[PDB]
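1. whatever this is, show me its structure:
(2 chains)
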Amino acid sequence: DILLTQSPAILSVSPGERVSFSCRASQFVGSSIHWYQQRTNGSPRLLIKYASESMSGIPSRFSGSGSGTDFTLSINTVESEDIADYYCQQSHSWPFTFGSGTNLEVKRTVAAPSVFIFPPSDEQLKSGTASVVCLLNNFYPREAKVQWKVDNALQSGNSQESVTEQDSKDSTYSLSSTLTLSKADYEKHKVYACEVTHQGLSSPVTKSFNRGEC
Amino acid sequence: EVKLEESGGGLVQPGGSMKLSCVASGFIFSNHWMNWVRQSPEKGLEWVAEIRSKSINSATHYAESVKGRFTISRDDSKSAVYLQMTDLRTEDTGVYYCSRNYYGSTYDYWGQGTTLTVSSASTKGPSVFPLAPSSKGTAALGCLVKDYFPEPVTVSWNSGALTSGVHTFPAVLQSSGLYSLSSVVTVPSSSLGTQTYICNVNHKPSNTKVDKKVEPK
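-> Residues are numbered from 1 along each chain as shown, chains lettered A, B, ... in the order given. I have put the structure below:
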């Protein structure tokens, strides 16, 4: 199949900014590139057909260009209703295929995370498992390094991160990192530490606790 | 106004079968090429199957990944297109859109999507554990909502009275095949001795409703 490479995966736009993003076909597709917008919880919506032809009812700030393999969608002054995912699609030959998408997010000033660590509850321990939660609250940009250290051993493969959608009021993200261990593994160790590196922190932040203390 | 309206999604085990349906209005249905396109976080948007107009023998086409397992059909008298799925795989999980393709070009109208979940996990209500405010300005507390299936749960705080500062994280699928998430909220430290904090967890598929008081340990 023809592969469409969309770049970047994430593009940060300040309102009133002229932005563009890219769609590259793995082989010649002439002008048969079409662009879609998908708002959160919505369906794809066709915006541009055949690389440059704008659909009716589609705002004029949207414009597309390109031919051959490299295509561009431009928004000349982004509005807050344009915050969405954007997909390209080729119809040059069968089967028809889509790019992986470019997500447009709201650019704002850097904001450091507030970090919190939660030991497993006694309830859960009684059930035989231990979850340790490290919370990064209201930060920007989205990129953050969270490392678990248990009695000074860096943890790998036993934690999962989850990240909220961008907040509608302050444009920040929040992130949870959950370390999951068996009750027996949890009780082999004393010091549980979450270390957070983020652009907004002058030095990385560690929150920690001694198992079974307070 | 063109409308497309899918139905028939749901939960099914691997090896199972399910039929999706879509009803169209606002264009001459029998003239047009109807498609199913699916969307997942891992594979993005994937064209699945197409059935063209009877005027061209209503020919069917399938993506390689579903050929032999899925069957697309149409009933012009009902303005309906269908997707019959068999031998379902976990990676067939996704949101399935009914869509019109305009004669081999754009997907110019799309439905609202219907959700397919292929999983052998059994339906199960969550356990709810406190995330107790740390004994050491602003305090964070919350609820851990663990080991439920399927999506979704809903979490409110103090019956909906408490909304600002709530972050309910997207659920994450664990290797057990069960979901887990946390709901947290930041509140003034001074309000810890004046205000009770209760998370209300509702899991409709298991008729589970849990209220968990969160307090300093």
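2. can you show me the helices along chain A?
-> A:122-126, A:183-187 (DSSP state H).
3. export these to JSON lines and append columns for mean neighbour count and distance to residue B:41.
-> Where you see a C-beta, it was placed from the backbone N, CA and C, and this is true even at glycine. Listed next are the helices of chain A as JSON lines, based on neighbours: other C-beta atoms under 10 Å in any protein chain shown; distance: least, C-beta to C-beta, whole Å:
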{"stretch": "helix A:122-126", "mean neighbour count": "14", "distance to residue B:41": "28"}
{"stretch": "helix A:183-187", "mean neighbour count": "14", "distance to residue B:41": "30"}
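4. buried residues in stretch A:10-20?
-> Neighbour-count burial for stretch A:10-20 flags A:11-13, A:19 (criterion: 16 or more other C-beta atoms under 10 Å in any protein chain shown).
5. which other residues reach it?
-> A:21, A:72-80, A:82-83, A:102-108, A:141-142 (C-beta atoms under 8 Å, 6 or more residues apart in numbering or on different chains).
6. one more time with 10 Å, if that's ok
-> Outside stretch A:10-20, the residues that touch it by C-beta atoms under 10 Å, 6 or more residues apart in numbering or on different chains are A:21-22, A:61, A:63-65, A:72-80, A:82-83, A:86, A:101-108, A:140-143, A:171.
7. centre-most residue in chain B?
-> Closest to where the C-alpha atoms of chain B average out (C-alpha atoms, centre = their mean) is residue B:115, at 5.2 Å.
8. which ones are touching that residue?
-> Counting by C-beta under 10 Å, 6+ apart, residue B:115 touches B:6, B:9-11, B:93-96, B:150-151.
9. list the buried residues in stretch B:64-73.
-> Within stretch B:64-73, the residues that count as buried by 16+ other C-beta under 10 Å are B:66, B:70-72.
10. wait, which of these is closest to chain A?
-> Distance to chain A across the buried residues of stretch B:64-73 (C-beta to the nearest C-beta) is lowest for residue B:66, with 11.2 Å.
11. hang on, the closest one in a helix?
-> No. Checked against DSSP: H, G, I helix; E, B strand; the rest coil, residue B:66 lies outside a helix; its state is coil.
12. my guess is it contacts residue B:60. True?
-> No. Under the criterion of C-beta atoms under 10 Å, residue B:66 is not in contact with residue B:60, lying 11.4 Å apart.
13. care to break chain A down by domain?
-> Domain ranges of chain A: A:1-108, A:109-214, per curated CATH domains.
14. next one: chain B
-> Per the record, chain B has its domains at B:1-120, B:121-217, by curated CATH domains.
15. between those domains, which one is nearest to residue A:129?
-> Nearest to residue A:129 among these is domain B:121-217 (8.2 Å), distances taken as C-beta to C-beta.
16. and that closest one, end to end?
-> 34 Å (C-alpha to C-alpha, to the nearest Å).
17. neighbouring strands - and their directions - for the helix or strand hosting the residue nearest to the centre of chain B?
-> Assigned by DSSP states H and E, residue B:115 belongs to strand B:114-118. The strands that strand B:114-118 pairs with in its sheet are strand B:10-12 (parallel), strand B:94-101 (antiparallel) (by DSSP bridges).
18. return the set of buried residues in the first one.
-> Taking 16+ other C-beta under 10 Å as the neighbour-count basis, strand B:10-12 is seen to contain the buried residues B:11-12.
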